[PDB]
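An overview of the molecular structure
Next come the chains, spelled out residue by residue.
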Amino acid sequence: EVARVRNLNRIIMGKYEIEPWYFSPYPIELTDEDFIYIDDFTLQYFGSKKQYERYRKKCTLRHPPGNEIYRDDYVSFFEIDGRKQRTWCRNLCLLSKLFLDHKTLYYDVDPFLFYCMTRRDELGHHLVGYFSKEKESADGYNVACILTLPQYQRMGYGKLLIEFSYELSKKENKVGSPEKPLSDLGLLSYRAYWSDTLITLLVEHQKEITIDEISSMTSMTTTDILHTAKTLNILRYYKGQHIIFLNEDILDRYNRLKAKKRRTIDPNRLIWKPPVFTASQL
Amino acid sequence: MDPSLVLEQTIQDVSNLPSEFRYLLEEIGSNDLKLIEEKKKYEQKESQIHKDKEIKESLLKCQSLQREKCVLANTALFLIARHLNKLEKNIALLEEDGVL
Amino acid sequence: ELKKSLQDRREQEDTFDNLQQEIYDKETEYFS
Amino acid sequence: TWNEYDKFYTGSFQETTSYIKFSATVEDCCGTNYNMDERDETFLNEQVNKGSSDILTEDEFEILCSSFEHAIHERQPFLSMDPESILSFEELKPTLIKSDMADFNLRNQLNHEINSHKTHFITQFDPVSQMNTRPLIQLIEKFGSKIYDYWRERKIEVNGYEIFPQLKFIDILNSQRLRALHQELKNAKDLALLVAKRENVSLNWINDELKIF
């Protein structure tokens, strides 16, 4: 009776409507108001109507303040530390739990990494992707729940976005997972992920190989490969986790990557260990 | 252990400053090269009136080449200054403490 | 007052360029 | 849609060749902590400028009443619901001879050693509207009493709240090295005094030729 309470109904930002879907611990008197406006870049909080053009003018830092790590012509890759930048990130995870029902903001939010996917602008950088992954070593779990604003979907951002999030995860190079229990619009996108990535990772045999030959560049375990082998209906290959081949593959959409498989982000980036491991005993 | 506490308060924000050593200096050098080549471009007017078609607007666009250098140094002052506030007061939080 | 006002351009190259060489003065105290 | 969104956007940023890493906690993401409603300038329109000649401007509001706004936090944890437990302007004077109301005093102390107070807090974070900004002690003796006595009845009537809604939730070898290495940000500031001298001999040349022509 708590996680299924919607209180907002409407947001208009720019030309773009936002419908809420889940419950976030916002004050309910601001759900009582009808306007839900915000800064486009820095996300400043208010409750009034005589402040718009003046916060718009005084915000000449028209970006997200994250540490930008990789900007090509298409993507621009930040990270944010929430111990370093707090209240912006308080509301940043408040929006994600307004669109997801498995998180509550009272216990600490400081340490864990805030990876980000923007388009660059000439005014600044428009936020078009993000997620709040861990600082380190939660449950395996090399990615987290990846959420962004819903009107920049379905045209070439979100799918390859979560795939290069995974690419950064095995380019921060450790075997993990997303969340375990539930998914509503992404579990099918998760098998679209693992099929497309598996076919691109192991159309490259030229011999017989164990599955640990390719599992090192997966960030998903060797044991996952048989359930990914039976997502695509039948690819029994004289089964055994210690060796595998591939058939002369049926090739539904292996060489059909002319759509939404068009860009590559290079592994040109450093490592992001915690400088203090931060054993918070208080 | 209070100095260890404040050391893990301070290393993550003294650490992004040699990254700013990578950042803020190349435009100082490039704008300085533009300033000296531009000064060679606008010497000839003061020479020929010394022995105005370009000189004043070229000094103005020299200023456009240098005000961004100055505001980069002024933001450098700002991000030196706030962390130096907490830095010197945390040196003071060590000194007033029984630790240091 | 007018001619010195036109030629302070002609006369403060020494100040602007010893500002240019203040970094040459400070490189080794940056090595502190 | 919006009709304010297109008139929202103007200006630009430094479109990087490769990378300008951004790093700003929320205290330096917007500017002033608060904005203004209809009443703070309805006071300006109807109870200030009926016959006055001296200017009461917007930058004087969001700094001068901000001094009381930030000062009742650092000075007053007494009642967070009070209409009237704040006392007067003249007893706020020790919190008004200095106004560390998000760092004005060390803002003066930095450009003490940069000796460029003519650059009265020049930044790209906040806009060009900065030469209008003059320091706050003369703002006290021009307007502080009246902005206090308009700003006082407002927190009488917002009675301990504010205008925004509520938001619920080994010693050794470790001091001399940070001294002798933040001497490098000290001499980075000496480079800043240096480049302040660069731009002020530049505008020496500018304003010298401007007091010619």
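Conventions and cut-offs
- Residues numbered from 1 in each chain as written, not as in the entry; some residues may be left out.
- Chains lettered and ligands numbered in written order.
- Part of a larger assembly, values for the part shown.
- Heavy atoms only, no water.
- Helix = DSSP H or I, 4+ residues; strand = E, 2+ residues; numbered from the N terminus.
- Rg over C-alpha atoms; globule rule 2.2 N^0.38 Å.
- Buried < 20%, exposed > 50% of the residue type's maximum accessible area, 1.4 Å probe, protein only.
- Contact = heavy atoms within 4.5 Å.
- Areas by Shrake-Rupley, 256 points an atom, 1.4 Å probe, with all protein chains shown as cover.
- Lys, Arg positive; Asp, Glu negative; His and termini not counted.
- Charge placed at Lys NZ, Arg CZ, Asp CG, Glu CD.
- Core = buried A, V, L, I, M, F, W, Y, C linked by side-chain atoms within 4.5 Å.
- Pairing = 2+ DSSP bridges.
- Axes fitted to C-alpha atoms, helices over the stretch in contact; angles between N-to-C directions.
- Left-handed = near helix turned anticlockwise from the far one by under 90°.
- Nonpolar A, V, L, I, M, F, W, Y, C, P; charged D, E, K, R; others polar.

If you check the header, you'll see the entry was determined by cryo-EM and the resolution is listed as 4.3 Å.

Chain D goes by glutathione transferase,Enhancer of polycomb-like protein in the PDB entry, where it is assigned to Schistosoma japonicum.

The name the PDB entry assigns to chain A is Histone acetyltransferase, from the organism Saccharomyces cerevisiae.

With that out of the way, let us pick up the overall build of chain A. Each helix and strand counted, chain A has seven helices and six strands in total. When its helices and strands are written in sequence order, chain A yields β-β-α-α-β-β-α-β-β-α-α-α-α. Over its C-alpha atoms chain A spans a radius of gyration of 21 Å, differing by no more than 12% from the 19 Å that the globule rule assigns to 282 residues. Expressed along its principal axes, the backbone C-alpha trace of chain A runs to roughly 70 × 45 × 40 Å. When each of the 282 residues of chain A is scored for burial, the buried share is 46%. The contacts in chain A between residues at least 6 apart in sequence include a share of 58% that link residues at least 24 apart. A total accessible area of about 15400 Å² is found for chain A, and carbon and sulfur atoms account for 58% of it. Taken as two groups, the 42 positive and 38 negative side-chain charges of chain A have centres that lie 3 Å from each other.

Moving on: the overall build of chain D. If you tally the helices and strands in chain D, you get seven helices and zero strands. Starting at the N terminus and walking to the C terminus, you meet the elements of chain D as α-α-α-α-α-α-α. In terms of overall size, chain D is more extended than a compact globule, its C-alpha atoms giving a radius of gyration of 22 Å where 213 residues would be expected to give roughly 17 Å. A total of about 11900 Å² of accessible surface is found on chain D, and carbon and sulfur atoms cover 61% of it.

This part takes up the nonpolar core. Within the largest apolar cluster, 36 residues are counted, with the highest numbers of intra-cluster contacts made by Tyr-37, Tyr-52, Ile-80 and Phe-114 of chain A together with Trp-2 of chain D. Secondary structure elements with two or more residues in this core: strand 1 (11-13), helix 2 (52-58), strand 4 (76-80), helix 3 (87-98) and strand 5 (114-120) of chain A together with helix 1 (5-8) of chain D. No other element matches helix 3 of chain A, which puts six residues into this core. Discounting chain neighbours no more than four positions away, the residues touching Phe-114 of chain A are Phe-78, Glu-79, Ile-80, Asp-81, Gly-82, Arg-86, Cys-89, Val-109, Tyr-130, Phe-131 and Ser-132 of chain A.

All names here are of chain A. Counted residue by residue, strand 4 has five buried out of five residues, so it is predominantly covered. Alternating positions in strand 4 separate into two faces, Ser-76, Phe-78 and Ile-80 on one and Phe-77 and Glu-79 on the other, with burial throughout. The pairing of strand 3 (residues 70-71) with strand 4 spans two bridges and is antiparallel. Of the residues in strand 4, the one forming a bridge with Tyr-70 is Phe-77. Connecting strand 3 to the antiparallel partner strand 4 that follows it, the hairpin turn spans four residues.

Turning to the arrangement of the chains, a few remarks are in order. For this structure, the chain pair with the highest number of contacts among five pairs of chains in contact is chains A and D. Separating chain A from chain C is a minimum C-alpha gap of 25 Å, and the two share no contact.

Residues and elements named next belong to chain D. Remark: helix 2 (residues 38-46) packs on helix 6 (residues 136-157), axes separated minimally by 11 Å, with the N-to-C direction vectors making an angle of 145°. Crossing of helix 2 over helix 6 shows right-handed handedness. Taken together, the residues of helix 6 that come into contact with helix 2 (itself represented by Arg-39, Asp-40 and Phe-43) are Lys-146, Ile-147, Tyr-150, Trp-151, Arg-154 and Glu-157. Of the residues contributing to the contact of helix 2 with helix 6, the split by class is four nonpolar, no polar and five charged.

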